[PDB]
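Below is one structure, written out as structure tokens, with a few remarks after it.
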Amino acid sequence: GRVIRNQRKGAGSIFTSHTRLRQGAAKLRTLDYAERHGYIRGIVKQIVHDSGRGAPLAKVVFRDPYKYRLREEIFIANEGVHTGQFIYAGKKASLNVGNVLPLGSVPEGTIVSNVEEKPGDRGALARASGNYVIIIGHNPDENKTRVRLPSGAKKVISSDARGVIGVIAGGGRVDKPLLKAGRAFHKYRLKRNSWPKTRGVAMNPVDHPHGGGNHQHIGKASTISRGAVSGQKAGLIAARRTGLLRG
Amino acid sequence: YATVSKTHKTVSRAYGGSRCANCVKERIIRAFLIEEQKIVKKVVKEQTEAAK
Amino acid sequence: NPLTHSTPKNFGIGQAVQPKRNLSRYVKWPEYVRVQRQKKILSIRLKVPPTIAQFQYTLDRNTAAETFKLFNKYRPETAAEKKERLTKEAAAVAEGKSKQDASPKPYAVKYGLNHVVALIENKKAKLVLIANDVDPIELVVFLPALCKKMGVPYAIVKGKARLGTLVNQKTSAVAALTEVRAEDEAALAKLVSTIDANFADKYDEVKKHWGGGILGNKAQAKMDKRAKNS
RNA sequence: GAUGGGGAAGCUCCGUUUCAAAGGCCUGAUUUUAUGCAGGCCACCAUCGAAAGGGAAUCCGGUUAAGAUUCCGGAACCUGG
RNA sequence: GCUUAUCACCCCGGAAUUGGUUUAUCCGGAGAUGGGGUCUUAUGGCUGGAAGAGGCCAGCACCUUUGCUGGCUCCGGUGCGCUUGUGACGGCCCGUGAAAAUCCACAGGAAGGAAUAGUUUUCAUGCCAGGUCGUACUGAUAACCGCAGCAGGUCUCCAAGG
RNA sequence: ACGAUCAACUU
RNA sequence: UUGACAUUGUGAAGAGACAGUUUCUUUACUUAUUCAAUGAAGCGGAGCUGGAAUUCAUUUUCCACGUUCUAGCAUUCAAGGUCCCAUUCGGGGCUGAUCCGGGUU
Ligand SMILES: [Mg+2]
Ligand SMILES: [Mg+2]
Ligand SMILES: [Mg+2]
Ligand SMILES: [Mg+2]
Ligand SMILES: [Mg+2]
Ligand SMILES: [Mg+2]
Ligand SMILES: [Mg+2]
Ligand SMILES: [Mg+2]
Ligand SMILES: [Mg+2]
């Protein structure tokens, strides 16, 4: 009989993201004439930590083609990129780690990151630390490229969509156990208000579908259908299966 | 810094009170060497464009 | 001069900030400019039923110029001439009084939509000029059919502003000659012949032809490329 | 949190730079007097939000029933002109 | 006002027999140790401000506005001391720990400028002004909240000897 | 190869 | 969430059943609608300039279009080249920087 926690998150009052210390949105350059027809050279000034982000960020300076000034861009740093390195972004850019190329300008098997879903969206795929997209094929007839995503999914993207050669830096981060509540605390105080988590079965029925009972138990199937409504979707939503894989 | 004279705020050199005199030396050497290399590069290009 | 040298810049990609070029093609115009351009584009993209697009078949430059040369000989009297005409009429009423008509009969261009449509219906109009740019077009869209029904020669001519300046208005949207002088009857007959050769005689064929359906520059090029191979 | 704009029967709601024609710098200046045409200058969008965050510049001695880094005496400093 | 520094940097020189060096093991042919220099002025010293003030005393006069006169006010030491500021470091993070106003410098070269007053002056001195509102007192076993002059509650600075 | 001076508080 | 009608137009194919009608494929078009971006900067077509023509100079042709050791620098309607003017410490046009369509992409 009460609005439950996952319903309350959408009003976004105390559940917004903590963005005070963040360096700015990490995205590729706006796709312009220079990247569309040739290449443009930028310089890596800094590799900086970003609050709430596992991967480090590269800060790259490009010359403005139309006005006398410099433009800062916040890239997600790939493994091996160093300060003082020259970055080449465009159709005619070379196949080197850190360079930004259209997906149609790389051979099959190329490892890229920060891949655009559509050309000009400035990077949407394979952004977290240690993640990458594999180029697996080309269809020049329909100007399309097949890729494998970090989740194992196969995708078809415009060959004009851009990517950064290499793999996102910071990999292996989740291989270290946190060991204690305080490290999770500090991890999430830079992200959002999602920790700690109270179990639904530890609540009363007013608070959660899992609440109540003279023992802690869910009492009805925890696999919830797609067509369930808000306040009902607590548990395993639209689960094709459950239980430990391979016995 | 708006109160004191220019002497307190700069050094008698190019990029006086903005760069550290080793970075200025590095800038000078890099500029001269890359400009000479650009001359060499275009002479090589003009030579190799005469092969045909 | 030994003190001057050839710099030339390299405006290729990655070098030498681009010079100022004409960007008139990429200007983000105000909304009213955008809408008044796109409305014309949409009008010609859609298939135009023959009742419209009977317009945009306007009288050509030479015949229109001579037509207006004739119509300019029958300009309605303005306020300045009407005031002194009324003074002459006042004097004639004072002393002369033939019956009441010491002033001569006027020969003037007839204008005004309701007045002209009534003249067409009574078959008094000997030549009707219809402006080609009346918005809303419903005001004159029936006029060519009405003139054809009544057997009155009509021309679709460019400029409601031009008709207006003919009849001392900002805009007229229609003009008509119902009577001309003897020395201008033969010129009127020549105009009627030329006008009928373009509007009344082709009316039945125009009434069955749909306008519009025209593509833009890029789509036209792409369709030409497709048609070259397929 | 206005404006542009959109929603709402409406009280009003969204949104904070947005799908807007959104402005002020120097220089020519006959200084009865304020301007006349010049040629670009970013495109930053109002405003409110801290007496513990940032921040131009003052100290000592004396003095009252009750005021003082504020008054008196002396000695400084900053900003604008 | 003069002077005064850890760090940093410069010149000479070319280092294995490796050296220098911190409480903490880092540094050196990408030039160490060494010799000689440059710089930030935290901070301290001397001088001006300034002894004329303030402090402590001694002689007379005394409510005659209430005083007057004179002297001294100096030189050292010590530290795992306390409080506090600061520096160079070191540890820690799947945590790497605001923004803007504002000020300055540099790059650039648009203009402007030369002989009994021809430009400009971030150098010295000189002239004028700096509005508005707050400012008393308590801040608590009696000045606040708790029905009160209530053993409750209510943020913070300084902190002597054994 | 020591001598002379100054100074703490730990064991 | 699913269907229907409206928004909602234009070509074809062609399953056809059969002057025509009627459901039914499949794909096509762009201007309605929808998504996104930019300070709406380089879009589309053609041309010039290069190389393979087994070209007929006749593009039944495709690809390229000034930047790739280096943590420098890149701005004053651009120097230059050409014309015009009563030119002084100059002013202007064209070219440099191909042409055309005003569809920002
Ligand atoms: Mg739990
Ligand atoms: Mg319980
Ligand atoms: Mg249930
Ligand atoms: Mg304020
Ligand atoms: Mg007091
Ligand atoms: Mg005073
Ligand atoms: Mg006070
Ligand atoms: Mg007080
Ligand atoms: Mg007080």
Side-chain angles (χ1 to χ4, degrees), chain A residues 20-21 30-33 36-41 43-45 48-49 51-52 54 61 63 65-69 83-86 88 92-94 96 118 120-122 129 170 173-174 176 178 182-187 189-190 226-227, chain B residues 1-11 14-23 26-35 37 52, chain C residues 4-21 23-33 37-38 41-47 213 215-226:
Chain A
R20 163 176 71 104
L21 297 173
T30 288
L31 190 152
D32 54 329
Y33 171 96
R36 205 157 60 239
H37 298 259
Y39 63 90
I40 186 176
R41 190 193 72 180
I43 176 70
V44 172
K45 301 304 219 72
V48 289
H49 173 81
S51 279
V61 174
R63 284 166 68 236
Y66 308 106
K67 196 193 139 60
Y68 173 71
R69 64 207 207 193
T83 54
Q85 180 180 352
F86 284 136
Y88 300 86
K92 318 303 294 301
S94 288
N96 293 100
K118 292 187 286 185
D121 84 1
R122 303 175 81 183
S129 63
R173 166 173 54 75
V174 300
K176 189 194 193 168
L178 296 164
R183 296 208 174 149
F185 164 88
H186 289 292
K187 164 172 186 78
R189 69 173 176 87
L190 278 299
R226 275 269 175 242
Chain B
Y1 284 115
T3 304
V4 304
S5 81
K6 189 85 145 187
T7 302
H8 305 269
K9 305 183 263 191
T10 184
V11 168
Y15 297 83
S18 61
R19 315 291 152 138
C20 80
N22 270 330
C23 294
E26 186 178 1
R27 275 168 172 259
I28 295 157
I29 302 167
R30 175 176 330 264
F32 170 72
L33 290 180
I34 294 173
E35 283 309 89
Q37 183 62 255
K52 304 295 290 293
Chain C
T4 64
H5 306 90
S6 278
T7 311
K9 298 164 176 203
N10 168 354
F11 292 131
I13 302 157
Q15 288 178 347
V17 171
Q18 298 305 317
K20 287 189 164 132
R21 290 178 182 103
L23 301 192
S24 72
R25 204 188 159 263
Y26 310 94
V27 165
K28 185 185 278 198
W29 300 96
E31 310 193 278
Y32 84 100
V33 169
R37 289 179 187 165
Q38 282 180 37
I41 284 171
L42 180 64
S43 296
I44 62 171
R45 294 284 184 283
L46 303 177
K47 284 181 65 196
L215 291 177
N217 216 52
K218 287 170 190 191
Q220 189 60 258
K222 188 171 68 68
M223 182 189 80
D224 293 324
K225 179 187 290 296
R226 288 180 70 244

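Note that these values count all heavy atoms, side chains included, but never hydrogens, waters or copies made by symmetry. Chain letters run A, B, ... following the sequence lines, proteins first, then strands; residues in each count from 1.
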**Residue closer to the 5' end of RNA chain G, C/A16 versus C/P8 (nearest nucleotide)** = C/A16
**Item:** Spacing between A/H37 atom NE2 and G/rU105 atom P, to the nearest angstrom
**Value:** 12 Å
**Whole-angstrom distance between E/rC2 and E/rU41, as gauged at atom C1'** = 13 Å
**Request:** Rounded off to whole Å, could you give me the OH-to-P distance for the A/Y68 and D/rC42 pair?
**Result:** 14 Å
**Item:** Nearest-Å distance for atom pair CZ/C1', residues A/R122 and G/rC35
**Value:** 18 Å
**Request:** Establish, with yes or no, whether the OP1 or OP2 oxygen of E/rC104 is under 4.0 angstrom from a side-chain nitrogen or oxygen of B/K9.
**Result:** no
**Message:** North (positive) or south (negative) by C1'-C2'-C3'-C4': which describes G/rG102?
**Reply:** south
**Request:** Using the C1'-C2'-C3'-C4' torsion, classify the pucker of E/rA159 as north or south, with positive meaning north.
**Result:** south
**Message:** Between P on G/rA71 and CZ on A/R41, what's the gap in Å once rounded to a whole number?
**Reply:** 9 Å
**Prompt:** Does E/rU78 carry a north or a south sugar when the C1'-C2'-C3'-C4' torsion is used to decide?
**Reply:** north
**Message:** Counting only side-chain heavy atoms from C-beta out, which of E/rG95, G/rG44, G/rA41 sits nearest to C/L23?
**Reply:** G/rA41
**Prompt:** Quick one: is C/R45 getting a side-chain N or O under 4.0 Å of the G/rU31 phosphate, OP1 or OP2?
**Reply:** yes
**Prompt:** Which part of the nucleic acid, if any, lies within reach of A/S94 when heavy atoms closer than 4.0 Å are counted: base, sugar-phosphate only, or nothing?
**Reply:** base
**Asked** When you check the glycosidic angle of G/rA4, does it come out syn, meaning within 90° of 0, or anti?
**Response** anti
**Asked** Has A/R183 got a side-chain N or O lying under 4.0 Å from the OP1 or OP2 atom of E/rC93?
**Response** no
**Request:** Could you work out the separation of E/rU119 and E/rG113 based on their P atoms and round it to a whole Å?
**Result:** 10 Å
**Request:** Ignoring hydrogens and angles, state whether a donor on the side chain of A/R183 or A/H186 is under 3.5 Å from an acceptor on the partner side chain.
**Result:** no
**Message:** Taking the sign of the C1'-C2'-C3'-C4' torsion, positive for north and negative for south, which way does the sugar of E/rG55 pucker?
**Reply:** north
**Interatomic distance at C1', E/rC82 relative to E/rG35, whole Å** = 44 Å
**Message:** Both B/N22 and A/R20 contact RNA chain E. Which one's nearest nucleotide lies toward the 5' end?
**Reply:** B/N22
**Request:** Tell which nucleotide pairs with D/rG1, taking only Watson-Crick or G-U wobble pairs whose two distances are both under 3.5 angstrom.
**Result:** none
**Item:** Per B/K6 side chain, nearest of listed nucleotides G/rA41, E/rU122, G/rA64
**Value:** E/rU122
**Atom-pair distance (CD1 on B/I29; P on G/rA71), nearest Å** = 13 Å
**Message:** Quick test of the criterion, 5.5 Å between centres and less than 30° between planes. Is A/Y39 stacked on G/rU67 or not?
**Reply:** yes
**Asked** According to a 3.5 Å cut-off on both distances, are E/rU132 and F/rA4 Watson-Crick or G-U wobble paired?
**Response** no
**Request:** Provide the Watson-Crick or G-U wobble partner of G/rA74, both distances under 3.5 Å; none if there is no partner.
**Result:** none
**Prompt:** Looking only at side-chain N and O atoms, does C/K222 come under 4.0 Å of OP1 or OP2 in G/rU30?
**Reply:** yes
**Prompt:** CG of A/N96 versus P of G/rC69: gap in Å, rounded?
**Reply:** 12 Å
**Item:** Rounded distance in Å between the P positions of G/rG66 and G/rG96
**Value:** 14 Å
**Item:** Short side-chain N/O contact from A/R69 to OP1 or OP2 of D/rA43, under 4.0 Å
**Value:** yes
**Message:** What I want to check is whether the side chains of B/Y15 and B/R27 have a donor and an acceptor closer together than 3.5 Å.
**Reply:** yes
**Request:** Look through every strand shown and name the nucleotide pairing with G/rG102 as Watson-Crick or G-U wobble, where both distances are under 3.5 Å.
**Result:** none
**Prompt:** Roughly how far apart, to the nearest Å, are D/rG53 and E/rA98 at atom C1'?
**Reply:** 9 Å
**Item:** A/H49 side chain near E/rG95 phosphate (N/O to OP1/OP2, under 4.0 Å)
**Value:** yes
**Message:** Can you see if the side chain of A/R36 gets near the phosphate of G/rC43 - specifically, an N or O under 4.0 Å from OP1 or OP2?
**Reply:** yes
**Message:** Please pick, from E/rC94, E/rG95, G/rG103, the nucleotide with the shortest atom-to-atom distance to any side-chain atom of C/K218.
**Reply:** G/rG103
**Request:** Provide, to the nearest angstrom, the distance between the OH atom belonging to A/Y33 and the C1' atom belonging to G/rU67.
**Result:** 13 Å
**Request:** Answer yes if G/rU98 and G/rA46 form a Watson-Crick or G-U wobble pair with both distances under 3.5 Å, and no otherwise.
**Result:** yes
**Item:** Under 3.5 Å: donor-acceptor pair, side chain of A/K45, backbone of A/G84
**Value:** no
**Message:** Is the shortest side-chain heavy-atom distance between C/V17 and A/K67 below 4.5 Å?
**Reply:** no
**Message:** Roughly how many Å apart are E/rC123 and E/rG1, using the P atom of each and rounding to a whole number?
**Reply:** 13 Å
**Item:** Proximity to the side chain of A/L21 - top-ranked nucleotide from G/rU70, G/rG103, E/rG97
**Value:** E/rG97
**Message:** Can you measure C/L215 atom CG to G/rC29 atom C1' for me and round it to whole angstrom units?
**Reply:** 8 Å
**Euclidean distance for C1', E/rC72 against E/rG77 (whole angstrom)** = 24 Å
**Asked** OP1 or OP2 of E/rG95 sitting under 4.0 Å from any side-chain N/O of A/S51?
**Response** no
**Prompt:** Does OP1 or OP2 of G/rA74 have a side-chain N or O of C/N10 closer than 4.0 Å?
**Reply:** no
**Prompt:** Does B/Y1 stack onto the base of E/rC103, taking stacking as ring centres under 5.5 Å apart and planes under 30° apart?
**Reply:** no
**Request:** Mind telling me if G/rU21 is syn or anti? Syn here is a glycosidic angle within 90° of 0.
**Result:** anti
**Request:** Counting heavy atoms from C-beta on, name the nucleotide in E/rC106, G/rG101, E/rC94 closest to the side chain of A/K176.
**Result:** E/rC94
**Interatomic distance at P, E/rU135 relative to D/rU69, whole Å** = 15 Å
**Message:** Whether C/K47 contacts G/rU31 is assessed here as follows: a side-chain N or O lying under 4.0 Å from the phosphate OP1 or OP2. Is that the case?
**Reply:** no
**Message:** I want to verify a distance call: between G/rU70, G/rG102, G/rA41, whose nearest atom is closest to the C/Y26 side chain?
**Reply:** G/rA41
**Request:** Please tell me which of the listed nucleotides, D/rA21, G/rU70, D/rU79, lies nearest to the side chain of B/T3?
**Result:** D/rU79
**Request:** May I ask you to classify the sugar pucker of G/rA71 as north or south from its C1'-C2'-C3'-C4' sign?
**Result:** south
**Message:** Please name the nucleotide paired to E/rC56 by Watson-Crick or G-U wobble geometry with both distances under 3.5 Å, or report none.
**Reply:** E/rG71
